[PDB]
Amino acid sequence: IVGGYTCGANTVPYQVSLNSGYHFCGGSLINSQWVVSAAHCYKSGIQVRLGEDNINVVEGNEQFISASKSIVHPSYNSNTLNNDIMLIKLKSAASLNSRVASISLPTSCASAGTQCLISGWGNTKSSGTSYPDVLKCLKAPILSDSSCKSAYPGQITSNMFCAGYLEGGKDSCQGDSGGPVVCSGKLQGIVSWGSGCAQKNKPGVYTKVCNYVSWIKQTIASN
């Protein structure tokens, strides 16, 4: 997260870190057994880390649970990032508490202008590299479809939305991939892609979760 702020420990209790020897992506806990992340975060050997603030120190509220299965969306296209969503099943159910909590799925799509919360442990620099240990947060509005398409001509599908600031300076970034965009208490977006981080006229692009609720519900009912 570039241009954001320190969230405060466990104030984003649905945020997960995906670990394969090191943090590589975020995700969102949607019930005690399932995490939503980005399809571009797929890899084998995932451990889900819940209850994290400092990802380099055991602070006492974590739960570390291996994934038993990952399900990338059947229509994910890794060239266009259309349908950039993946479900991860936990080998055992998380113990839900004030520091480890699920985030609701949306029942309607969020509106342009709505302010959302984006979070993660990704790079905090727009030029150069610095990775934080504690969770970072950014408040950002959903942008109009026309401004999103003008920023990324020929690249925005109906399964994507832009959020952020056309002036630059505030954005998600590498390492925030797969993490949540929460608006009105619902998971409306997944950190997906952008052209650099926090660059002028290049806001973040996010998977539009409301288009996937039927797939998520049917998949978790059968796996």
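Residue indices: 1-based, along the sequence shown. If you superpose the two forms and keep the largest set of C-alpha atoms that fall within 1.5 Å, you have the rigid core.
Stretch 129-137 is the one, of 129-137 and 89-97, whose CA positions lie farther from the shown form in 9 other deposited structures of this protein once all structures are superposed by the rigid core.
The PDB entry records a higher mean C-alpha B factor for 94-102 than for its counterpart among 81-89 and 94-102. Taking only CA atoms, the mean B-factor in the PDB entry is higher for 127-135 than for the other of 127-135 and 71-79. Residues shown: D176, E167, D53, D171. Highest C-alpha temperature factor in the entry: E167. Sort the chain's modelled residues by C-alpha temperature factor and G26 lands in the lowest third, per the entry. Ranked against the other modelled residues of its chain, the C-alpha B-factor of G60 as given in the entry falls in the highest third. When the modelled residues of the chain are ordered by C-alpha B-factor, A163 sits in the middle third. Ranked against the other modelled residues of its chain, the C-alpha B-factor of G185 as given in the entry falls in the highest third. Per the PDB record, residue ranking by Cα B-factor puts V213 in the middle third of the chain.
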